[PDB]
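Single chain ahead, by itself, as structure tokens, in the form solved without ligand HTQ.
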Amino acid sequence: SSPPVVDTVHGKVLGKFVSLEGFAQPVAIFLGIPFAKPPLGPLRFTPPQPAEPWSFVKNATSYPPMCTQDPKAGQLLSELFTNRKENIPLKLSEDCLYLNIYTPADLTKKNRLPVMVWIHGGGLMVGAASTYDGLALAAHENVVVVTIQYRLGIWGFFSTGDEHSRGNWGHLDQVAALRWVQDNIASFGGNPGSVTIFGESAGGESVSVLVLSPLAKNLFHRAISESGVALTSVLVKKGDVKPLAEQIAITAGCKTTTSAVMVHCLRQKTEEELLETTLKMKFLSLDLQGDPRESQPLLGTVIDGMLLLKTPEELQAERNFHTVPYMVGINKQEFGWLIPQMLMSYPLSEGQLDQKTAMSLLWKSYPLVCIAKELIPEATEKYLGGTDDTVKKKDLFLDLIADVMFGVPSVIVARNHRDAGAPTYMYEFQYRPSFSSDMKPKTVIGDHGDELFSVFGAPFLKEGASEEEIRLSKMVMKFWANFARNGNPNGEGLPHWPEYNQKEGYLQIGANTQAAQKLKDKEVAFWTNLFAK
């Protein structure tokens, strides 16, 4: 039947129908809609500008390029995280400010469905919207799914610390995409007055940053951070960002005479030269050469004065953030496998860890955990000191890193959000998907990213899910879309999910799903005391 054609502010777009067996209404899919002007040439390291209007009908049936990034790490992460049966290879380009739309609405009728805007993870250095197929979630839960892209790495986050390159270009792109959704999603059957932003890892940190940003006012109405938050420190630069900028400029062949000189020089480099620079910097890899206090594993969020006016901690203390319903979740083993072993090349192949090697490694982990050298012994002893079994010590070390990067920051964010009067919900996800890499030990459960397969309905798109895994995905999708509808995940036939209030109820999600109380309470107390120094 006739492919769907939709009028947007800037012109008409042509999509395609895709049926999911068992659902009468095919899903209308629109791939590669631009939400900004391509940030090329002089527009590099500047805020996104509106897309230019087009005559006639734009064909939105091909996946867009992904933003320039390490193609090997980008393809690997896509393969590890995709919910599709086969991973789709993607082109690289600086021309990447696109979004993809999956709408289950019958576009010949009138519809105002809740909108779910996905912000992908990747450390702010890698990733793509097209990795995530919105078909199953859209059809199963009657929501419009929008997957967005945003500038990454040098292109998205290069900052001189001053007005010549403030930084946070990729977060400004996320804001631009949400403004586009406000202005256009009703033409796709979506309700611009019910937009939920959700994301995982750096995407969850981005959601948290948008909750803290005045630029995102009135652009969304619920938020979900999965395994990432603004207090995940490795993603937020405090203090002097000039050394990293100078290192990047020097690696690219640029002089560092002034900030304006550095930025102008970098704007003259080709995409290929800046990718060469990216690869020479060896981001996302644990840096084992030199003082770990000088390690820079990624270019990330800064306090730029436009998107973020103060540090997340200061904004939280001032209660200066958007008090929307907010779901904050973590996985049982955030540092269990994928980040250390696939993304960061951790020296941990051997599977036993003695306490001296653990202390040395935790010092090398400074860019991730920020533990002063004098505090390494106490932190290591707290986690590892209770056993002499060095296999158990390795597992407990992985727990330590997971608590510092994800668990404690997540609970602190949730507590501060709750204390501003906003409806707050928390979860801890514990499941080992059958879609896990064959390289992943069978004992790793609730690894970073494991909930994605449930959220995005992989059991309905990939082969070989058990019946338990199918049930888990339907329940998770319903909770998520109930939250998008109502700011409360609860509903008929679902386990009760208590609000994260003074009792600190949270939902343990897995093969058995049930409410629990006080997530990470002792750990928060320990690490808050330790970091108070």
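From 1 onward, residues are counted along the sequence shown.
Omitted here: the form deposited with ligand HTQ bound. The next part is about that form.
Transferring ligand HTQ from its position in the bound PDB entry by superimposing the surrounding C-alpha atoms places at least three ligand atoms within 2.4 angstroms of backbone or C-beta atoms of the displayed chain; the site is blocked. Of the listed positions (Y383, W337, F220, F453), a single one reaches within 4.5 angstroms of ligand HTQ by any non-hydrogen atom in the bound PDB entry, namely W337. For the options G290, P441, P377, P89, the residue carrying a heavy atom within 4.5 angstroms of ligand HTQ in the bound PDB entry is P441.
Interface residue remark: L461 is not counted as part of the site for ligand HTQ in the bound PDB entry, having no heavy atom within 4.5 Å.
Taking the partner from the other structure, ligand HTQ in the bound PDB entry has no heavy atom within 4.5 Å of any heavy atom of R179. Taking the partner from the other structure, ligand HTQ in the bound PDB entry has a heavy atom within 4.5 Å of a heavy atom of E350. Among residues of the shown chain, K269 is not one whose heavy atoms approach ligand HTQ to within 4.5 Å in the bound PDB entry. Proximity to ligand HTQ in the bound PDB entry, taken as heavy atoms within 4.5 Å, picks out 341 to 349 from the listed stretches 105 to 113, 304 to 312, 207 to 215, 341 to 349.
Of all the residues from 363 to 396, the single one having a non-hydrogen atom no more than 4.5 Å from ligand HTQ in the bound PDB entry is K394.
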